[PDB]
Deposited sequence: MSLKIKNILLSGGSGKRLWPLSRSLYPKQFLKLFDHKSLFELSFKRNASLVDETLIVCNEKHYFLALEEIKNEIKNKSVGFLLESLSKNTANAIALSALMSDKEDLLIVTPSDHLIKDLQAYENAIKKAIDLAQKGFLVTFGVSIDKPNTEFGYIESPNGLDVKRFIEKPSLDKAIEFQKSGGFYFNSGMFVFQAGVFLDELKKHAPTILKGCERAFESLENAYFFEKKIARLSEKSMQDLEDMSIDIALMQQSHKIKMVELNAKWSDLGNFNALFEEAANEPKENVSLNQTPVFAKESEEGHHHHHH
């Protein structure tokens, strides 16, 4: 089984080389590239050459591809597109680029766990233990740290303080692992018209083999009619196939 890193990036903040000569983007790239067979970087077409510049050192025999965006129609669309650019059978490690993770061994452990659950046919999410209850995040209810009772993305500040006292609540990391095929099957079930829109958008995809790297982008036309929606709203609030793995690695956002 092939394993793909889907590096979600789409002068933005994650490109600034502030963290000891290095950027969040190249840190996020480097951390997952070691665990994976191919990377697919999804970013805005404006920043392609910025992105490609920052990982010029890091491509050591690595098979790296890009999906360039004219418009950004949020994570549900970026993920569904990436899955459609994949073999049904291969496994997807979906990782936002604006992440700081310092304990790399605790990261690597959680990944190998998530992979195992993904082969069982699950959509794997990652929990981070709440300290400061802010309402911009997704909330995973998990009493036992593995089964999720429900997903509530962006609750009211009443609910965020109520689930503070309750215990067994984690911040959704925004990272994800799943097989491409089961992801697309779950999307068919729960957001059928979002899968539909991505399926026809994918039809008008074209490649740019110049720039040396093989690139793919979609026309502004194709992406226009797409509903702007999050994976958390589209799928994670409705999927019956969700497990969690704890991230104890000094995760920052």
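Gaps without C-alpha coordinates occur at 1 to 2, 13 to 25, 269 to 308, with positions taken along the deposited sequence from 1.
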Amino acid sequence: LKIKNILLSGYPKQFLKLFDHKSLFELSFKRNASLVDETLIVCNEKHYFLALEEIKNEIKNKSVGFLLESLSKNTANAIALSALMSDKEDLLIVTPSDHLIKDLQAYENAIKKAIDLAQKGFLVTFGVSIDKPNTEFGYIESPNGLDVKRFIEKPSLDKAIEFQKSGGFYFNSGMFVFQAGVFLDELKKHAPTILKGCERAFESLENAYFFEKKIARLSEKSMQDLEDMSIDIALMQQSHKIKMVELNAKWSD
From here on, numbers count along this sequence of modelled residues.
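Relative to its counterpart among 115 to 123 and 155 to 163, 155 to 163 has the higher mean temperature factor, C-alpha atoms as listed in the PDB entry.
Stretches 54 to 62 and 41 to 49 differ in mean CA B factor, with 54 to 62 having the higher one. In this structure the maximum Cα B-factor among 173, 95, 105, 77 is found at 105. For the set 179, 82, 142, 129, the PDB entry puts the maximum C-alpha B factor at 129. Placement of the Cα temperature factor of residue 72 within the chain: middle third of the modelled residues, per the deposited record. For residue 21, the recorded CA B-factor ranks within the highest third of the chain. Only modelled residues enter the ranking. When the CA B factors of the chain's modelled residues are split into thirds, the value for residue 13 lands in the highest one.
Per the deposited record, the Cα B-factor of residue 225 falls in the highest third when ranked against the other modelled residues of its chain. The deposited CA B-factor of residue 91 belongs to the lowest third of values across its chain.
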